[PDB]
């Protein structure tokens, strides 16, 4: 169904966990993405304005939803319905980010 990406909150948000659906959608195994920023999913037809909105939202730890053009490991484009939210503790500290991916290419 829907992919899930968990990243660290700091140091440019390296991936720390992906679910099985993430591999189904993107063609990447966990081994191939752990420790990397998720921006490797982008490529030349990705909308720069959309990437800028993601960058500013993540810097502010503000939830954001975007439809963004991404690329499978072998280079096949797909439309990623992407929702990112910070994970906060009760003091308001950001512990992680969680991203949900749906392939909406259909």
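Positions refer to the first chain, counted from 1.
When 14 to 22 is weighed against 85 to 93, 85 to 93 comes out higher, by mean CA B-factor as recorded in the entry. Ranked by C-alpha B-factor against the other modelled residues of its chain, residue 31 falls in the highest third. When the modelled residues of the chain are ordered by their C-alpha B factor, residue 51 lands in the lowest third. In this PDB entry, residue 65 carries a Cα temperature factor that places it within the middle third of its chain's modelled residues. Ranked against the other modelled residues of its chain, the C-alpha B-factor of residue 45 as given in the entry falls in the highest third.
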